[PDB]
Amino acid sequence: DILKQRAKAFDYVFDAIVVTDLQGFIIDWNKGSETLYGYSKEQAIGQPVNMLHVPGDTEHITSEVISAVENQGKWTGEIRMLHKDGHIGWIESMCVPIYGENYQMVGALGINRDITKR
Amino acid sequence: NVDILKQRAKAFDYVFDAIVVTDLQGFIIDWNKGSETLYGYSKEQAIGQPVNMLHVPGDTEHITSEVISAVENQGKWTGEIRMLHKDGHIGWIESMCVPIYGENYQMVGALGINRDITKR
């Protein structure tokens, strides 16, 4: 009910939501993400989230994200994005850890918005 | 599936989008951080209040009629309407509204998604 309605906003928001597991594999994808990145839900699911990075940025972005999430509980930054068709853009990104039991991180939630024009 | 619902609901208080969930009578039943940033009110000040408190006095009846009308025809409503902030200033937002349903395939209210468009 209450939970159901909060979850429904998923495919209606403009923000691009990317849900990943501990292994960094995309497990959920919303319509906002389909618009921002180009990949359909069926295409993104199962793929490494780093697929969304400009290859050259992956190493430093990943260590920076892992550090913030584990120490501050949240990572935020302005990074480049690699679209499905190949063009590059800039996005405002946030990563929040998802917990299982006894505060055990079981995956992460990514929220993204395009800022290329700006 | 509960795992799916949980993770999807999780994004609720993290998106930039202002989500406003209302009942069949337009009273706020859920409000995320995004709405607090956009409208100025916190969850404690928004939940249980009439959603028209966010409209500029004059616009209410018109907006409500277009929403209902749009939902009955297309099952969704979208529009650029004025917004009345808690601190009293007025602005414009890009808004969308779709019906939410209970467990019996019956409408129990609405889901509103909003974004500031004031500048420009």
Side-chain angles (χ1 to χ4, degrees), chain A residues 1-19 27-35 40-42 44-45 98-101 106-107 109 111, chain B residues 1-36 38-39 41-55 59-79 81 83 93-115:
Chain A
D1 176 68
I2 284 181
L3 195 63
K4 195 173 188 180
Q5 309 309 175
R6 277 171 168 161
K8 187 186 168 69
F10 200 65
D11 284 324
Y12 288 102
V13 297
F14 184 49
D15 274 14
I17 306 292
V18 185
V19 185
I27 56 173
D28 214 344
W29 181 266
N30 77 333
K31 287 185 181 174
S33 289
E34 195 174 293
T35 303
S40 72
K41 177 177 176 60
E42 291 60 60
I45 301 304
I98 299 175
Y99 300 111
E101 318 77 70
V106 184
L109 174 67
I111 301 75
Chain B
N1 228 55
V2 170
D3 298 309
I4 293 78
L5 285 188
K6 294 296 290 185
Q7 59 186 44
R8 293 197 166 194
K10 172 77 166 189
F12 190 70
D13 276 317
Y14 292 109
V15 298
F16 176 59
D17 297 80
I19 305 300
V20 182
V21 185
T22 57
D23 60 23
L24 286 182
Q25 308 200 304
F27 287 96
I28 304 179
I29 50 177
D30 219 342
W31 178 269
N32 68 339
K33 304 298 179 178
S35 294
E36 163 162 37
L38 178 66
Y39 297 110
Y41 305 95
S42 63
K43 303 195 180 70
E44 295 73 44
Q45 301 174 309
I47 298 173
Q49 300 308 316
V51 71
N52 62 40
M53 100 175 280
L54 306 175
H55 296 159
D59 311 338
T60 299
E61 294 190 301
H62 175 66
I63 293 174
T64 307
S65 298
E66 297 300 311
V67 176
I68 280 59
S69 185
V71 172
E72 299 184 310
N73 289 168
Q74 296 301 302
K76 167 184 298 188
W77 172 87
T78 64
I81 57 177
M83 178 207 105
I93 55 175
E94 164 166 48
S95 179
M96 180 199 80
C97 186
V98 301
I100 58 165
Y101 293 77
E103 311 291 301
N104 304 162
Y105 291 94
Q106 82 285 40
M107 183 177 95
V108 295
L111 177 70
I113 295 62
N114 306 270
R115 282 176 298 284

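Values reported hereafter were calculated over all heavy atoms of this structure, with side chains retained and with hydrogens, waters and symmetry mates removed. Chain A is the first sequence line, chain B the second, and so forth, proteins listed ahead of strands; every chain is numbered from 1.
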Query raised in the report: Counting only heavy atoms not in B/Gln106, do more than 12 sit closer than 6.0 Å to its CD atom?
Result: yes
Report summary line: Of all heavy-atom pairs linking B/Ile4 and A/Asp28, the shortest is CG2-OD2, 4.2 Å
Requested in this report: Mind checking the CE-CG spacing from B/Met107 to B/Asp23? Nearest 0.5 Å is all I need.
Outcome: 10.0 Å
Report task. Output the distance between atom CD1 (A/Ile17) and atom CG (A/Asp15), rounded to the nearest 0.5 Å. Result -> 6.0 Å
**Report entry** Side chain proximity check, B/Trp77 to B/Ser69, heavy atoms < 4.5 angstrom
**Finding:** no
Query raised in the report: Of the non-hydrogen atoms in B/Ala9 and A/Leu3, which two are nearest, and what is the gap between them?
Result: CB-CD1, 3.7 Å
Report summary line: Here the gap from B/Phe12 atom CZ to B/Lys33 atom NZ, rounded to the nearest 0.5 Å, amounts to 10.0 Å
Query raised in the report: So, does B/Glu66 use its side chain to make a donor-acceptor pair with the main chain of B/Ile63 at under 3.5 Å?
Result: no
Requested in this report: Evaluate the side chain to side chain contact (heavy atoms under 4.5 Å, CB included) criterion for residues A/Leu109 and B/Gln7: first the C-alpha distance (whole Å), next the side-chain angles of each, then the deciding distance (0.1 Å), finally the verdict.
Outcome: CA-CA 8 Å; A/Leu109 174 67; B/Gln7 59 186 44; over 6 Å; no
Report task. Starting from the C-alpha separation in whole Å, work towards a yes-or-no answer on side chain to side chain contact (heavy atoms under 4.5 Å, CB included) for B/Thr64 and B/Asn52. Result -> CA-CA 9 Å; B/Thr64 307; B/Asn52 62 40; 5.9 Å; no
**Report entry** Closest heavy-atom pair and its distance - B/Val67, B/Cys97
**Finding:** CG1-SG, 3.9 Å
Report summary line: With sequence neighbours left out, the residues meeting side chain to side chain donor-acceptor pair (under 3.5 Å) with B/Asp13 are B/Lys43
Requested in this report: Step through the shown structure and confirm whether more than 12 heavy atoms of other residues, nucleotides or ligands are within 6.0 Å of OH on B/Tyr41.
Outcome: yes
**Report entry** Approximate separation, where rounding is to 0.5 Å, of B/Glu36 CD and B/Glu44 CD
**Finding:** 8.0 Å
Query raised in the report: What is the ring orientation for B/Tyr39 with B/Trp31, classed by angle as parallel under 30°, tilted 30 to 60°, or perpendicular over 60°?
Result: tilted
Query raised in the report: Would you say the side chain of B/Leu54 lies within less than 4.5 Å of the side chain of B/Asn114, judging by non-hydrogen atoms?
Result: no
Report summary line: dist B/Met53:CE -> B/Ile28:CD1 (nearest 0.5 Å) comes out at 7.5 Å
Requested in this report: Give, for atom CG of A/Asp1 and atom CZ of A/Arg6, the distance between the pair rounded to the nearest 0.5 Å.
Outcome: 10.5 Å
Query raised in the report: How about B/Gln45 and B/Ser42: do any of their side-chain heavy atoms sit closer than 4.5 Å?
Result: yes
Query - Shortest non-hydrogen contact from B/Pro99 toward B/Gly75 - result: CD-O, 3.3 Å
Query raised in the report: Do the non-hydrogen side-chain atoms of B/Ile93 and B/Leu38 ever get within less than 4.5 Å of each other?
Result: yes
Report summary line: Between B/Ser95 and B/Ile81, the two heavy atoms sitting closest are CB-CD1, 4.2 Å
Report task. Determine yes or no for a side-chain-to-main-chain donor-acceptor pair under 3.5 angstrom, with B/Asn32 supplying the side chain and B/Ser35 the backbone. Result -> yes
